[PDB]
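Have a look below at one chain only, the form deposited in one PDB entry, in structure tokens format.
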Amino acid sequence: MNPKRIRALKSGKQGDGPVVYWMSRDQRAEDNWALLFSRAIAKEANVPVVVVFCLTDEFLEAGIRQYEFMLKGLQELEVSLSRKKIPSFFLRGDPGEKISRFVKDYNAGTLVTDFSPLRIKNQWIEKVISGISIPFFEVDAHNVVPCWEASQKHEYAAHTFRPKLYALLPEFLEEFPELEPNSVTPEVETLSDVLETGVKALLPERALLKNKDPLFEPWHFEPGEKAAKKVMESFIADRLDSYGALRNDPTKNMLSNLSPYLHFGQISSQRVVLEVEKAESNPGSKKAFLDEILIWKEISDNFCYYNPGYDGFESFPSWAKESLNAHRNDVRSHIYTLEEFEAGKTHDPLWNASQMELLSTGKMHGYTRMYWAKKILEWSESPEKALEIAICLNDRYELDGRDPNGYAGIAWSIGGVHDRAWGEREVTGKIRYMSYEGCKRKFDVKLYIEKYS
């Protein structure tokens, strides 16, 4: 157990009650450093461990596609945690008022949570700190190397964050120890009813077509830790060999499709890296996949951790802010509203077909994600309007939405974060441009459009 994975946010006097694991980002029982760190401290104090999840009031800011995927995975998690004699408590409302009330009611001895560099998680941490007198720690269970240990600084490029992450891999890339069950079973509603009431509250804002039928197809990704592992096994066995040569072709499903399980924390990235590193495949394809799940995934947490305004124009590089400001008054070719972007009613069939894959599957291809966001900057009134539209459409319809990957990805597409300056164009400036003809020379754009009518 590396002590560099755990951070102390506030000290205090330890109580003689159950160690509380405030689960948030990592919703799994296996390969969870935060849950394992809570069981170790609970064992050292001769007291069982408990897990608490808060169903926040911000669930209506998303959709049914993310509400059902999360709660259905939590239902499987409760059975898995109960088999280890670890009881789970699902509170509903403000985590600042619920976690404070749970710790005081149940006489908690130590509170533990998982690490998330997002602003909304820091908002909960600030409120819970104000009304708790017991120790409270946080553990990085999402990244292989802790976010505060990989770099003490915002890395402006992947060429600089790669040697720092790979030099610390022999230390943090290790096997997980078995989660020991509680010694004895210790001493606020069922998730089936919370799923029924929540869906009934999200029904009027459901994504529908003109025929009143639903648009989302929930048979593409089955939720749960069991299904998350089966997806990783299928990728290593069938798709990992052809990954390095077909990750940029949206007409072929050659990606790992592990992003919805990785966002909600249903599967550990360290577990995926461990199975891939010991797998024998194309070295060019293994290097490309490890570059995506290690470098670009953890540099997204690095961007959100060392940039408070990671979702704003101020976090852009100085060369991009100066380039975008010099082309602010440039006459845009087209100006579409948020409703026209949402329904995919633009003149570009490639962008519209990309938006249709986002609305129907909740997981648009990785290559088209760059074309989908860069066109928003080209057809918006201002770079700040492009950030708002793309963030809203990402977090609302992407199953992996509301994730540091999405915020670092959108910062690269429009703001050029972790990128370089390209040829100076109008409107877009020195931001890397992706043309429609450039996509046709890379893949069958006609098949990708015909698939998502």
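We number the residues from 1 along the sequence you see. For clarity, a rigid core is taken as the largest C-alpha set superposing within 1.5 Å between two forms. Shifts are known only where both forms have a C-alpha.
- Coverage remark for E187: absent from the model in at least one third of the other entries compared whose chains are built on both sides.
- According to the record, the deposited sequence contains 4 to 9 residues between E187 and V188 that were left without coordinates.
- Note on 330-338 vs 165-173: mean CA B-factor is higher in 330-338.
- For the segment pair 200-208 and 151-159, the entry gives 200-208 the higher mean B-factor, averaged over Cα atoms.
- The PDB entry assigns its highest CA temperature factor, among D94, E378, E314, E217, to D94.
- Going by the entry's values, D193 shows the largest Cα B-factor out of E357, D193, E126, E222.
- Ranked within its chain, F53 lands in the middle third, by CA B factor from the PDB record.
- Compared with the other modelled residues of the chain, the Cα B-factor recorded for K104 ranks in the highest third.
- Ranked within its chain, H365 lands in the lowest third, by CA B factor from the PDB record.
- In the deposited entry, the Cα temperature factor of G401 places it in the lowest third of its chain's modelled residues.
- Among the modelled residues of its chain, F90 has a C-alpha B-factor that falls in the highest third, as given in the PDB entry.
Note that the form deposited in another entry isn't included here; everything after this is about it.
- Superposing the rigid core between the shown form and the other one leaves a single residue from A201, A326, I335, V79 with a C-alpha shift of at least 2 Å: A201.
- Annotation for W422: C-alpha shift under 2 angstroms between the shown form and the other one, rigid core superposed.
- Core-superposed comparison between the shown form and the other one: CA of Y67 displaced by less than 2 Å.
- With the core held fixed, the Cα of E178 is displaced between the shown form and the other one by less than 2 Å.
- Look at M370 and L208: in the other form their Cα atoms move 3 Å or more farther apart than in this form.
- Cα of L393 to Cα of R206: at least 3 Å longer in the other form than in the shown structure.
- After superposition on the rigid core, stretches of three or more consecutive residues whose Cα atoms move by at least 2 Å between the shown form and the other one are found at 59-61, 188-214.
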